[PDB]
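One chain comes next, on its own, written out as structure tokens in the form deposited in one PDB entry.
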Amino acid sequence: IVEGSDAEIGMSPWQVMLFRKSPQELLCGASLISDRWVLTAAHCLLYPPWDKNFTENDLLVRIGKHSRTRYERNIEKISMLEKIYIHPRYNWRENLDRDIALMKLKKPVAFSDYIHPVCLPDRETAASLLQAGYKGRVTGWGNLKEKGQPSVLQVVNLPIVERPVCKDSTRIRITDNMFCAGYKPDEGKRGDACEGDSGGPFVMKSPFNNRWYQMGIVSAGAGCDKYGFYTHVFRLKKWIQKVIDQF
């Protein structure tokens, strides 16, 4: 996260860390949407252009963390992936369309103050909130500038940008299953999701029910301070359920 700030403890309790077993390293961000499912990007588990294609056995997820490095005793929970589910029509070739995937955990995870699930959007929430100017919150352990490693989870707030403007700045084919947020270089308000925050949540707090909803997923991190592409969660809540229900 570029131009972010140390997150407060338990502030983003659904924040998940995608960890690689051998060799131990941090891959992507992710989120806990139930006691058994984790939502993340697709290019985090499969992207041929990089000879990348992880199996449910090469990874594990760490939940409840704050420190990027320190294993937090009696705080975090290490979980093994039971089954992965990349998106059917996920296209890595050009613009990462439907850059989303779910992951099941071999065992359920006990919630705590540092572990808790975020909410999936509904048509009205999605409609009330997904507006230009309206800000969402992004969080991660990615780099700070384009060492550049955060000591703890970083957090920054970004405004959504009109589908039009997003379309002009980038020469890539930006479908409706994705929105973009950041700051038109008019505001001198540096802020954005840098490489490593992918799979992470873009959440908004509803003024109607006080709950936090995950409107997007970091997908093409706007470089590291253009605009960042976030997968449109709601316009995909279908597949997200069509997959959980079946198992």
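A residue's number is simply how far along the shown sequence it sits, counting from 1.
According to the entry, the deposited sequence has 4 to 9 residues without coordinates between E146 and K147. Note on 51-59 vs 26-34: mean CA B-factor is higher in 51-59. According to the PDB record, 236-244 carries the higher mean C-alpha B-factor of the two stretches 2-10 and 236-244. Take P201, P185, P207, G64 and read off each C-alpha B-factor from the entry; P185 has the highest.
Of all the options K83, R137, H116, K77, the entry's greatest CA B-factor is assigned to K83. When all modelled residues of the chain are sorted by CA temperature factor, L18 is found within the middle third. For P159, the recorded CA B-factor ranks within the middle third of the chain. Only modelled residues enter the ranking. In this PDB entry, the Cα temperature factor of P88 sits in the top third of its chain's modelled residues, the highest group. Sort the chain's modelled residues by C-alpha temperature factor and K104 lands in the middle third, per the entry. Ranked within its chain, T125 lands in the middle third, by CA B factor from the PDB record.
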